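Enquirer: Pasting a structure below so you can have a look.
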Amino acid sequence: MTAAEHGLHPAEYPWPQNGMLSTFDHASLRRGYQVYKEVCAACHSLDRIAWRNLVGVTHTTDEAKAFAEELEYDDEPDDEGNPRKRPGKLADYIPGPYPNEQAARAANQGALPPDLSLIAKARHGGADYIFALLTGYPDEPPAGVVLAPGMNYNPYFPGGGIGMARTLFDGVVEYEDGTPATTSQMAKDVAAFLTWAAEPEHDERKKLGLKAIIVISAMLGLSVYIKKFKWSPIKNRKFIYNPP
Amino acid sequence: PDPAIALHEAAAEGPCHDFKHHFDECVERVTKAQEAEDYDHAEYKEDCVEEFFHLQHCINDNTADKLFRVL
Amino acid sequence: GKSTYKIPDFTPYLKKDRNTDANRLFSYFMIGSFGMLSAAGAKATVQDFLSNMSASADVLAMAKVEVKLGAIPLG
Amino acid sequence: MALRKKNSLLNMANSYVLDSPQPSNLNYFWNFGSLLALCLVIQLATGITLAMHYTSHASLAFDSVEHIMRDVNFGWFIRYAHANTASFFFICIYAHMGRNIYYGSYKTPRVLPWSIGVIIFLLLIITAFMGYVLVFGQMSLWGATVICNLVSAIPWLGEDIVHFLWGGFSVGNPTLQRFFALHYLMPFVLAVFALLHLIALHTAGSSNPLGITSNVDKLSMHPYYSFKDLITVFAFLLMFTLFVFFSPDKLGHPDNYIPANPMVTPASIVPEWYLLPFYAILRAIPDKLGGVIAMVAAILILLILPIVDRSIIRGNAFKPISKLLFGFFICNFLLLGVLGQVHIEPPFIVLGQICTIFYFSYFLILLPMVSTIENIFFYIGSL
Amino acid sequence: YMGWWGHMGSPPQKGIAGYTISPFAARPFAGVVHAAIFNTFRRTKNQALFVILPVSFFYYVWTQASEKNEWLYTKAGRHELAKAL
Amino acid sequence: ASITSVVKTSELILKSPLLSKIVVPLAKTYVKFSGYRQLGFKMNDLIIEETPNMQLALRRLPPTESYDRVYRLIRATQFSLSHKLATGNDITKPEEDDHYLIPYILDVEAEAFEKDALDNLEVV
Amino acid sequence: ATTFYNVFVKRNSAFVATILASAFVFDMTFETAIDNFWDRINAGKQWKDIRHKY
Ligand code: HEC
Ligand code: HEM
Ligand code: HEM
Ligand SMILES: CCCCCCCCCCCCO[C@@H]1O[C@H](CO)[C@@H](O[C@H]2O[C@H](CO)[C@@H](O)[C@H](O)[C@H]2O)[C@H](O)[C@H]1O
Ligand SMILES: CCCCCCCCCCCCO[C@@H]1O[C@H](CO)[C@@H](O[C@H]2O[C@H](CO)[C@@H](O)[C@H](O)[C@H]2O)[C@H](O)[C@H]1O
């Protein structure tokens with residue numbers, strides 16, 4: 001297959017979470033949530049994430065309750081069996097922009113924007129692919145490329161023509177921590193946030209792995225000593241043969 | 001402004017200059033070929049995707065670490 | 001080569017202090033450490049693994065029912 | 001008389017794990033048998049636990065796996081342990097089978113444990129294939145579709161058999177629910193056959209790296225091989241830890257994190273890595289039925305090693321030419337694996353055919369010829 | 001072809017005296033450094049060709065095949081690709 | 001393959017001058033690279049024994065030959081488990097690599113094959 | 001060494017009790033040690049480090 005059909009392979013960026021002992025940067029996760037909420041969430045759902053998931057990762061209990069309480073969710077029917085709405089709770093999932101696929105495609109010239117909850121695991125490249133894609137729209141497609149109508153050129157996307165246009169531009173978001181919201185900074189934060197959304201156990205998993213590595217290595221060393229200790233009578237055995 | 005704009009420009013003029021030239025030459029050829037008539041009824045239409053990939057791959061190798069250092 | 005009463009040479013391996021309590025105690029320290037890490041590793045493994053059967057996060061979220069009181073009239 | 005010998009139940013355990021007389025010179029490649037037993041124990045424990053949280057209905061399957069990852073305490077670990085140990089199971093089984101082929105473990109008097117072993121290997125393949133479908137991601141669905149359609153090649157009744165397997169006209173909910181029930185069962189069948197091949201082996205005992213009798217010099221299984229097994233258990237657990245905790249998705253396909261969609265076809269539909277050599281063999285034959293037969297024959301041909309090896313000596317330790325041929329056979333098997341996941345393009349099409357011919361000619365031509373000539377060289381060379 | 005302890009199926013043994021010492025009396029790691037360096041080197045040197053020859057051959061075959069495949073799917077390889085299909 | 005087969009084919013080769021000129025040097029190199037002599041084995045110690053015919057041949061070994069074979073097997077097993085090679089007098093020299101077992105197995109197989117033939121005789 | 005052997009090692013009941021008590025101590029202390037070390041190598045990155053802003 002041609003390189004174009006594969007898509008250009010994203011660079012390996014030095015993410016904070018790269019590194020056997022490294023967690024996510026939670027300040028970046030919080031900023032990335034804000035990019036999700038203000039830019040991506042217009043077209044993309046994050047359906048696997050509940051408000052409670054943000055608590056103690058990016059937000060306090062009160063902030064997350066406030067986000068939930070601003071929305072309306074379907075309640076159980078009232079006593080005459082008529083539909084009712086309630087305010088959101090921490091157990092509720094973050095609601096998506098569209099009621100069904102047909103509505104989603106109608107708003108995006110036929111293309112269906114995927115749910116982003118697993119996108120960092122569902123694409124080769126992970127955070128690097130998301131970062132490369134969001135920052136990799138050239139001003140002009142390479143001479144000779146004919147884009148289908150409603151397609152945008154992006155070399156990281158296989159085949160080159162993606163139905164999503166460039167969306168991150170310097171200062172589309174105003175970060176609440178005073179960080180300069182440049183295209184690169186926003187792409188880095190939202191890629192970090194999406195990686196967390198795909199693998200929220202990441203920080204705990206790598207710490208438990210460090211404990212396991214240490215214990216298992218010590219046990220491996222001791223098991224070698226013990227095996228050698230027990231085998232030495234066999235290894236050291238000597239014979240004298242006197243032919244009968 | 002976006003730190004990447006300057007880093008990418010510097011890498012194209014510097015360590016990735018040979019690749020930049022090939023991309024430039026390619027675009028010149030393709031544009032000129034599109035200008036010529038009976039291009040629409042040609043068998044093979046050349047693009048510059050390959051050259052573009054070679055250049056971008058090169059820029060990324062010389063920039064990725066620098067860019068994340070200033071974010 | 002012929003006499004079986006002449007023990008083959010074991011001097012490359014023999015410890016001088018083979019009959020001492022210190023000598024045995026060292027090897028039991030190694031065995032004991034191994035048993036200790038195996039016990040601590042088993043305990044960790046069992047506890048973390050079996051915890052899958054305790055109420056999951058979504059179940060724990062569906063507990064603690066909150067009820068308003070403004071809606072409820074007197075009597 | 002000691003209780004471990006006198007009581008019939010204790011004596012069965014005793015005969016297999018304690019007083020069992022072993023050769024005194026087994027090398028570390030005799031440790032894969034206990035690693036395979038460990039993988040089987042891990043897969044049973046993790047698999048039964050996943051079954052407590054998984055839902056086999058197609059509307060909920062993929063989401064139940066996400067619930068395991070996200071909500072169940074340690075669910076991420078149990079899921080990653082189960083998925084990675086499936087790969088480790090195949091690494092250990094290829095090592096165990098490679099040991100058996102190099103050291104002549106298939107020769108008399110061990111033809112029966114070897115022949116039951118070949119069935120164990122077939123059951124492991126089926127077990128792993130059904131388990132992979134249960135996620136119900138894109139690779140799950142499309143892998144099930146293409147692999148189950150190979151049955152359509154069976155003449156006359158093939159199409160009918162496929163619809164019967166699927167329980168419908170395509171891979172869907174009926175297929176997923178039956179694969180769950182069979183995936184749960186098949187590991188128990190596998191454990192029985194594993195036990196059978198050991199009982200069959202117990203009549204001759206383990207072979208050994210020199211290929212000679214060990215009846216002259218036996219060691220108890222315990223404590224010698226118990227403590228030697230602990231070393232490779234902890235080495236395995238270190239590898240397990242590195243994948244499960246630090247790189248849990250290295251051995252997987254990202255497309256399996258997209259929910260199954262019968263409309264969109266993924267760019268490349270490949271089996272899991274451990275099935276790749278058999279897929280390359282199937283591609284090599286242009287005919288559909290031809291390809292299926294070749295692929296099955298590639299596993300069943302292991303049953304003829306007892307016949308085609310004409311050597312008067314067991315195993316390769318002392319056979320320089322056989323060792324070279326074995327080296328080429330193994331590397332060819334790895335190349336077939338690689339070719340199983342490339343695109344169907346030049347020049348890999350022809351290369352796959354040449355590697356397929358080499359694979360079969362090992363059994364049919366080279367091993368019978370080389371083993372015949374080495375017999376003559378040992379005789380003449382030592383006169 | 002295997003009996004059990006006391007009747008294992010060995011031909012009659014006679015004339016061999018076997019000697020060994022207690023695990024507590026021995027140094028388990030005696031001669032470890034010599035073994036780790038010189039013994040491993042000897043054992044590895046004697047088996048090296050049986051690994052190197054097939055691995056190097058099949059790696060070269062792969063390398064040539066993968067480089068050709070890559071070249072056929074470039075612009076330069078258009079014509080050769082057309083013939084190859 | 002039967003020892004009978006191997007011995008007969010070898011004798012065809014040793015008869016042909018051309019064939020022996022090219023095969024005998026190869027066979028000697030093969031034996032050197034095989035390396036069984038470096039564990040103190042003789043070639044015949046390596047022959048598979050778990051067969052009725054071979055068990056009968058081994059029972060017919062003279063007691064001395066039998067006791068020496070047991071020692072070579074035990075000694076080689078101890079070299080194998082220690083990852084050492086024979087040194088000095090433990091290495092089998094080419095002149096010691098005698099076919100002590102071949103005559104016994106050839107007689108066992110001779111009778112076994114005659115019995116198979118005679119089980120299929122047809123009175124003419 | 002004799003004393004230590006006689007008290008903690010000679011009886012297997014005592015040996016196993018000492019091993020289990022040591023495993024209990026190891027488990028608690030290792031937990032605390034790793035927790036602190038993990039917090040130091042990942043300093044300023046964790047929620048506990050930024051929580052004070054909110
Ligand atoms: C107004 C529309 C719109 C906005 C805003 C938007 N997207 Fe998308 N996105 C799409 C559409 C449509 C697709 C599907 C494109 C296709 O498949 O051709 C898509 C696809 C993607 C993909 C998958 C590309 C692939 O490999 O399949 C990722 C990742 C993505 N978007 C992330 C983002 C992130 C991160 C943001 C913003 C911070 C974002 N999107 C903003 C419409 C949008
Ligand atoms: C030899 C034993 C086994 C092997 C090789 C095996 C293999 C597999 C594989 C490859 C998968 C797909 C894993 C993934 O990528 O997510 C899987 C999934 C699964 N297996 Fe097994 N398995 C075995 C035993 C069992 C047993 C005994 C059960 C008992 C029910 C079981 C239950 C499951 C379940 C519920 C899933 C789906 C959830 C998931 O994907 O994690 N497995 N298995
Ligand atoms: C679940 C999978 C398996 C398990 C748990 C298993 C376990 C074992 C064990 C414990 C032994 C004795 C120790 C050893 O030699 O390693 C052994 C020996 C053997 N196994 Fe397996 N095995 C499995 C699969 C296979 C397969 C697939 C084959 C063959 C294709 C096979 C063929 C043999 C043979 C021939 C022996 C005797 C080898 C010898 O000692 O010379 N086994 N197996
Ligand atoms: C053979 C079985 C014998 C009966 C034994 C019964 C064991 C069943 C008890 C399950 C106990 C789980 O108990 C609970 O475990 C988890 C780890 O799993 C601990 O959790 C602690 O470590 C984990 C990682 O290990 C972190 O995710 C967590 O933030 C931390 O608090 C809790 O502090 C503890 O209260
Ligand atoms: C490896 C998993 C551990 C569990 C063990 C497997 C359970 C099922 C094994 C039972 C199958 C019967 O297995 C059979 O048992 C008897 C006694 O137990 C063994 O008999 C062997 O040991 C006993 C004494 O130990 C002797 O009387 C006998 O001469 C000898 O052959 C057989 O060699 C074995 O083939």
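By order of appearance in the structure tokens: chains A, B, ..., then residues from 1 within every chain, and ligands from 1 in the order shown.
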Neighbours of ligand 3 within 6 Å, counting only C-alpha atoms and all ligand atoms, as an MDAnalysis selection string?
Expert: chainID D and resid 30:34 36:37 93 97 100 105:106 113:114 117:118 120:121 194 206:207
Enquirer: What are the closest atom pairs, with distances in Å to one decimal, for each residue of chain C lying within 7 Å of ligand 4, using only C-alpha atoms and all ligand atoms, rows by chain and rising residue number, as a Markdown table?
Expert:
```
| residue | atom | partner | partner_atom_place_in_ligand_line | distance |
| --- | --- | --- | --- | --- |
| C:46 | CA | ligand 4 | 7 (C) | 6.3 |
| C:47 | CA | ligand 4 | 10 (C) | 4.6 |
| C:48 | CA | ligand 4 | 18 (O) | 3.4 |
| C:49 | CA | ligand 4 | 18 (O) | 6.8 |
| C:50 | CA | ligand 4 | 8 (C) | 5.4 |
| C:51 | CA | ligand 4 | 10 (C) | 4.4 |
```
Enquirer: Would you kindly report the residues of chain E within 9 Å of chain C, using only C-alpha atoms, as a PyMOL selection string?
Expert: chain E and resi 17+19-21+24-31
Enquirer: Would you mind exporting C-alpha atoms of the selected residues as an mmCIF file, in the first residue's frame?
Expert:
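That gives us out_1.cif:
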```cif
data_model
loop_
_atom_site.group_PDB
_atom_site.id
_atom_site.type_symbol
_atom_site.label_atom_id
_atom_site.label_comp_id
_atom_site.auth_asym_id
_atom_site.auth_seq_id
_atom_site.Cartn_x
_atom_site.Cartn_y
_atom_site.Cartn_z
ATOM 1 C CA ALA E 17 30.877 -45.489 43.973
ATOM 2 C CA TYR E 19 29.927 -39.367 46.557
ATOM 3 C CA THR E 20 28.419 -36.032 47.433
ATOM 4 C CA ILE E 21 28.211 -33.496 50.256
ATOM 5 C CA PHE E 24 24.662 -26.979 54.031
ATOM 6 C CA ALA E 25 28.299 -28.037 53.695
ATOM 7 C CA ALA E 26 28.754 -26.689 50.163
ATOM 8 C CA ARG E 27 29.073 -23.207 48.746
ATOM 9 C CA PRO E 28 26.148 -23.108 46.237
ATOM 10 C CA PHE E 29 27.791 -20.313 44.238
ATOM 11 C CA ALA E 30 31.277 -21.860 44.193
ATOM 12 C CA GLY E 31 32.987 -21.081 40.885
#
```
Enquirer: Using only C-alpha atoms and all ligand atoms, which protein or nucleic acid residues are at most 8 Å from ligand 2, as a PyMOL selection string?
Expert: chain D and resi 39-40+43-55+65+78-80+82-87+89+124-125+127-135+180-181+183-188+190+252+256
Enquirer: Applying 8 Å and only C-alpha atoms, which residues near segment 14-29 of chain F remain after dropping the ones on its own chain fewer than 4 positions away? List them as a list in words.
Expert: residues 376, 377, 378, 380, 381 and 382 of chain D; 10 and 33 of chain F
Enquirer: Taking only C-alpha atoms and all ligand atoms into account, list the residues no farther than 8 Å from ligand 1, as a compact mmCIF listing (two decimals) with C-alpha atoms, in the first residue's frame.
Expert:
```
# COMPACT_ATOMS: atom_id res chain seq x y z
CA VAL A 35 -10.73 22.04 25.43
CA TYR A 36 -13.00 19.00 25.13
CA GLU A 38 -15.48 24.09 24.58
CA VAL A 39 -14.38 22.72 21.21
CA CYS A 40 -14.76 18.96 20.68
CA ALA A 41 -18.01 18.46 22.53
CA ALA A 42 -19.89 20.32 19.78
CA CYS A 43 -19.54 17.25 17.57
CA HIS A 44 -18.06 14.46 19.69
CA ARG A 105 -24.13 12.61 10.20
CA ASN A 108 -21.30 16.79 9.62
CA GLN A 109 -21.88 16.46 5.87
CA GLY A 110 -22.39 12.73 6.14
CA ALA A 111 -19.40 11.95 8.37
CA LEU A 112 -19.94 10.49 11.79
CA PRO A 113 -17.66 12.01 14.50
CA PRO A 114 -16.60 9.04 16.70
CA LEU A 116 -13.82 9.99 21.99
CA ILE A 119 -10.11 6.96 20.72
CA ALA A 120 -6.61 7.04 22.25
CA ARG A 123 -5.99 4.34 16.90
CA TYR A 129 -1.81 10.45 16.72
CA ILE A 130 -4.37 12.76 18.29
CA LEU A 133 -3.83 15.00 13.60
CA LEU A 134 -5.10 18.13 15.36
CA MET A 151 -13.01 16.72 2.97
CA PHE A 157 -5.34 10.54 8.43
CA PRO A 158 -5.22 7.42 6.18
CA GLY A 161 -9.02 13.40 3.27
CA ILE A 162 -10.73 13.77 6.61
CA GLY A 163 -14.26 14.97 7.19
CA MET A 164 -13.20 17.00 10.27
CA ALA A 165 -11.85 20.47 9.58
CA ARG A 166 -9.17 22.18 11.60
CA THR A 167 -10.71 23.41 14.86
CA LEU A 168 -7.86 24.47 17.11
CA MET A 186 -4.47 22.95 23.30
CA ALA A 187 -3.69 19.90 21.22
CA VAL A 190 -6.73 17.59 24.91
CA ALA A 191 -4.63 14.63 23.74
CA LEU A 194 -8.35 11.82 25.92
```
Enquirer: Show which residues sit within 12 Å of residue 10 of chain G, as number ranges by chain. Count only C-alpha atoms, and ignore same-chain residues fewer than 4 positions away.
Expert: C: 21, 24-25, 28; G: 1-6, 14-18
Enquirer: Using only C-alpha atoms and all ligand atoms, find each residue with an atom at most 7 Å away from ligand 5 and format the answer as a list in words.
Expert: residues 5, 8, 11, 12, 13, 14, 15, 16, 17, 19, 195, 199, 202 and 203 of chain D; 3 and 4 of chain E
Enquirer: Please, which residues of chain G lie no more than 6 Å from chain A when the count uses only C-alpha atoms, and can they be set out as a PyMOL selection string?
Expert: chain G and resi 45-47
Enquirer: Which residues of chain A sit at most 8 Å from chain F, using only C-alpha atoms? Give each one's shortest atom pair and distance in Å (one decimal place), in chain and ascending residue order, as JSON lines.
Expert:
```
{"residue": "A:235", "atom": "CA", "partner": "F:82", "partner_atom": "CA", "distance": 5.8}
{"residue": "A:237", "atom": "CA", "partner": "F:78", "partner_atom": "CA", "distance": 8.0}
{"residue": "A:239", "atom": "CA", "partner": "F:75", "partner_atom": "CA", "distance": 7.9}
{"residue": "A:241", "atom": "CA", "partner": "F:71", "partner_atom": "CA", "distance": 7.3}
{"residue": "A:243", "atom": "CA", "partner": "F:68", "partner_atom": "CA", "distance": 6.8}
{"residue": "A:244", "atom": "CA", "partner": "F:64", "partner_atom": "CA", "distance": 6.7}
```
Enquirer: Could you please tell me, as a PyMOL selection string, which residues of chain D have an atom within 6 Å of chain A when using only C-alpha atoms?
Expert: chain D and resi 227-228+231+234+245+254-255+257
Enquirer: Can you work out which residues from chain F touch chain D at a cut-off of 8 Å (counting only C-alpha atoms) and hand them back as number ranges by chain?
Expert: F: 1-3, 6-7, 9-10, 24-31, 33-36, 43, 45-51, 70, 73-74, 77-78, 80-81, 94, 97-99
Enquirer: Store the residues picked out above, limited to N, CA and C atoms, as a JSON list (two decimals), in the first residue's frame.
Expert:
```json
[["chain", "number", "residue", "atom", "x", "y", "z"],
["F", 1, "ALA", "N", 14.18, -46.37, 11.50],
["F", 1, "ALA", "CA", 15.06, -47.34, 10.69],
["F", 1, "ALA", "C", 15.74, -48.41, 11.55],
["F", 2, "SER", "N", 15.90, -49.61, 10.95],
["F", 2, "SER", "CA", 16.47, -50.73, 11.66],
["F", 2, "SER", "C", 17.99, -50.65, 11.58],
["F", 3, "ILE", "N", 18.67, -51.18, 12.59],
["F", 3, "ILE", "CA", 20.12, -51.22, 12.53],
["F", 3, "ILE", "C", 20.56, -52.04, 11.31],
["F", 6, "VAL", "N", 20.78, -49.91, 8.25],
["F", 6, "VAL", "CA", 21.83, -48.92, 8.32],
["F", 6, "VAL", "C", 23.13, -49.62, 8.02],
["F", 7, "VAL", "N", 23.28, -50.81, 8.59],
["F", 7, "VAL", "CA", 24.51, -51.54, 8.38],
["F", 7, "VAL", "C", 24.64, -51.98, 6.92],
["F", 9, "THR", "N", 23.28, -50.65, 4.12],
["F", 9, "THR", "CA", 23.53, -49.50, 3.26],
["F", 9, "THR", "C", 24.98, -49.04, 3.41],
["F", 10, "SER", "N", 25.46, -48.97, 4.65],
["F", 10, "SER", "CA", 26.85, -48.61, 4.91],
["F", 10, "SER", "C", 27.80, -49.54, 4.18],
["F", 24, "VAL", "N", 33.47, -41.60, 3.41],
["F", 24, "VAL", "CA", 34.21, -41.86, 4.64],
["F", 24, "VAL", "C", 34.78, -40.59, 5.28],
["F", 25, "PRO", "N", 35.43, -39.67, 4.55],
["F", 25, "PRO", "CA", 35.91, -38.43, 5.16],
["F", 25, "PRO", "C", 34.79, -37.55, 5.71],
["F", 26, "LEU", "N", 33.67, -37.48, 5.00],
["F", 26, "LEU", "CA", 32.52, -36.75, 5.51],
["F", 26, "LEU", "C", 32.04, -37.34, 6.82],
["F", 27, "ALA", "N", 31.95, -38.68, 6.87],
["F", 27, "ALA", "CA", 31.39, -39.34, 8.04],
["F", 27, "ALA", "C", 32.30, -39.09, 9.25],
["F", 28, "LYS", "N", 33.61, -39.07, 9.02],
["F", 28, "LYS", "CA", 34.53, -38.82, 10.11],
["F", 28, "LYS", "C", 34.41, -37.39, 10.65],
["F", 29, "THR", "N", 34.21, -36.41, 9.77],
["F", 29, "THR", "CA", 34.00, -35.04, 10.20],
["F", 29, "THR", "C", 32.69, -34.93, 10.95],
["F", 30, "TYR", "N", 31.65, -35.58, 10.42],
["F", 30, "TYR", "CA", 30.35, -35.53, 11.05],
["F", 30, "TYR", "C", 30.48, -36.00, 12.50],
["F", 31, "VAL", "N", 31.20, -37.11, 12.68],
["F", 31, "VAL", "CA", 31.34, -37.66, 14.02],
["F", 31, "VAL", "C", 32.09, -36.70, 14.93],
["F", 33, "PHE", "N", 32.15, -33.32, 14.67],
["F", 33, "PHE", "CA", 31.25, -32.24, 15.04],
["F", 33, "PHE", "C", 30.09, -32.71, 15.91],
["F", 34, "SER", "N", 29.72, -33.98, 15.83],
["F", 34, "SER", "CA", 28.61, -34.46, 16.62],
["F", 34, "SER", "C", 28.90, -34.23, 18.10],
["F", 35, "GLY", "N", 30.12, -34.56, 18.50],
["F", 35, "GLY", "CA", 30.60, -34.23, 19.82],
["F", 35, "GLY", "C", 30.14, -35.20, 20.91],
["F", 36, "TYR", "N", 29.59, -36.37, 20.56],
["F", 36, "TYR", "CA", 29.22, -37.30, 21.62],
["F", 36, "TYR", "C", 30.44, -37.85, 22.36],
["F", 43, "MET", "N", 29.51, -44.38, 20.26],
["F", 43, "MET", "CA", 28.38, -44.19, 19.35],
["F", 43, "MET", "C", 27.20, -45.08, 19.73],
["F", 45, "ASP", "N", 26.14, -46.18, 22.46],
["F", 45, "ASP", "CA", 25.40, -45.78, 23.65],
["F", 45, "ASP", "C", 24.20, -44.90, 23.29],
["F", 46, "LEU", "N", 24.19, -44.32, 22.09],
["F", 46, "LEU", "CA", 23.17, -43.35, 21.76],
["F", 46, "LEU", "C", 21.96, -44.00, 21.11],
["F", 47, "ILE", "N", 22.05, -45.28, 20.76],
["F", 47, "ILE", "CA", 20.96, -45.89, 20.00],
["F", 47, "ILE", "C", 19.73, -46.04, 20.89],
["F", 48, "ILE", "N", 18.55, -45.75, 20.32],
["F", 48, "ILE", "CA", 17.31, -45.78, 21.09],
["F", 48, "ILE", "C", 17.13, -47.18, 21.68],
["F", 49, "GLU", "N", 16.79, -47.28, 22.96],
["F", 49, "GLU", "CA", 16.74, -48.62, 23.53],
["F", 49, "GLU", "C", 15.33, -49.07, 23.88],
["F", 50, "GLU", "N", 14.33, -48.19, 23.79],
["F", 50, "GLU", "CA", 13.00, -48.53, 24.29],
["F", 50, "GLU", "C", 12.22, -49.25, 23.21],
["F", 51, "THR", "N", 12.67, -50.45, 22.88],
["F", 51, "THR", "CA", 12.10, -51.27, 21.82],
["F", 51, "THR", "C", 12.28, -52.70, 22.31],
["F", 70, "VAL", "N", 26.54, -48.87, 31.65],
["F", 70, "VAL", "CA", 25.83, -48.16, 32.70],
["F", 70, "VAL", "C", 26.69, -47.03, 33.23],
["F", 73, "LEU", "N", 26.71, -44.08, 30.76],
["F", 73, "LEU", "CA", 25.47, -43.34, 30.75],
["F", 73, "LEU", "C", 25.35, -42.44, 31.98],
["F", 74, "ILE", "N", 25.73, -42.95, 33.15],
["F", 74, "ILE", "CA", 25.66, -42.16, 34.37],
["F", 74, "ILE", "C", 26.66, -41.01, 34.28],
["F", 77, "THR", "N", 25.35, -38.37, 31.87],
["F", 77, "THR", "CA", 24.26, -37.65, 32.50],
["F", 77, "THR", "C", 24.80, -36.61, 33.49],
["F", 78, "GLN", "N", 25.84, -36.96, 34.25],
["F", 78, "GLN", "CA", 26.39, -35.99, 35.19],
["F", 78, "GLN", "C", 27.08, -34.84, 34.45],
["F", 80, "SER", "N", 26.13, -33.70, 31.45],
["F", 80, "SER", "CA", 24.98, -32.98, 30.94],
["F", 80, "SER", "C", 24.37, -32.06, 32.00],
["F", 81, "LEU", "N", 24.10, -32.58, 33.20],
["F", 81, "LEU", "CA", 23.44, -31.71, 34.15],
["F", 81, "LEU", "C", 24.35, -30.61, 34.68],
["F", 94, "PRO", "N", 38.98, -42.13, 19.35],
["F", 94, "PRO", "CA", 38.43, -42.87, 18.20],
["F", 94, "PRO", "C", 38.63, -44.38, 18.21],
["F", 97, "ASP", "N", 36.02, -46.23, 20.29],
["F", 97, "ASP", "CA", 34.62, -46.07, 19.95],
["F", 97, "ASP", "C", 34.15, -47.33, 19.24],
["F", 98, "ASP", "N", 34.11, -48.45, 19.98],
["F", 98, "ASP", "CA", 33.84, -49.74, 19.37],
["F", 98, "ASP", "C", 32.34, -50.05, 19.32],
["F", 99, "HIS", "N", 31.95, -50.79, 18.27],
["F", 99, "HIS", "CA", 30.57, -51.16, 18.07],
["F", 99, "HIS", "C", 30.23, -52.39, 18.91]]
```
Enquirer: When DSSP works through the backbone of this structure, what residues of segment 7-122 of chain F end up as alpha helix (DSSP H), shown as an MDAnalysis selection string?
Expert: chainID F and resid 7:15 17:34 52:59 63:82 102:118
Enquirer: Go through chain A and flag each residue having an atom no more than 9 Å from chain B; for those, report the closest pair of atoms plus their distance in Å to one decimal, using only C-alpha atoms, ordered by chain and rising number, as a tab-separated table.
Expert:
```
residue	atom	partner	partner_atom	distance
A:2	CA	B:50	CA	8.9
A:3	CA	B:50	CA	7.4
A:4	CA	B:49	CA	6.9
A:8	CA	B:53	CA	6.5
A:9	CA	B:57	CA	7.8
A:10	CA	B:60	CA	8.1
A:11	CA	B:60	CA	5.8
A:12	CA	B:64	CA	7.1
A:13	CA	B:64	CA	5.6
A:14	CA	B:65	CA	6.5
A:15	CA	B:68	CA	7.9
A:141	CA	B:49	CA	8.7
A:142	CA	B:48	CA	5.5
A:143	CA	B:27	CA	5.3
A:144	CA	B:47	CA	4.1
A:145	CA	B:47	CA	6.0
A:155	CA	B:53	CA	7.6
A:169	CA	B:2	CA	9.0
A:170	CA	B:2	CA	6.9
A:180	CA	B:1	CA	8.8
A:181	CA	B:2	CA	8.7
A:182	CA	B:2	CA	5.2
A:183	CA	B:2	CA	6.1
A:184	CA	B:2	CA	6.4
A:185	CA	B:71	CA	6.0
A:188	CA	B:71	CA	8.2
```
Enquirer: For chain E, list the residues within 12 Å of chain B, counting only C-alpha atoms, and write the list as a ChimeraX atom specification.
Expert: /E:71,73-76,78-79
Enquirer: Given a cut-off of 7 Å, which residues of chain E touch chain F, counting only C-alpha atoms, written out as a list in words?
Expert: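 Matching residues, ligands excluded from the count: residues 1, 13 and 14 of chain E.
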Enquirer: Go through chain C residue by residue and, counting only C-alpha atoms, keep those with an atom at most 7 Å from chain A; for each kept residue give the shortest atom pair and its distance in Å to one decimal, ordered by chain and increasing number, as a tab-separated table.
Expert:
```
residue	atom	partner	partner_atom	distance
C:1	CA	A:240	CA	6.0
C:2	CA	A:242	CA	6.0
C:4	CA	A:240	CA	6.9
C:8	CA	A:238	CA	6.7
C:30	CA	A:222	CA	6.6
C:31	CA	A:226	CA	6.9
C:34	CA	A:222	CA	6.1
C:37	CA	A:219	CA	6.8
C:61	CA	A:91	CA	5.6
C:62	CA	A:91	CA	7.0
```
Enquirer: Could you check how far atom CA of residue 71 of chain C sits from atom CA of residue 68 of chain A, in Å to one decimal?
Expert: 20.9 Å
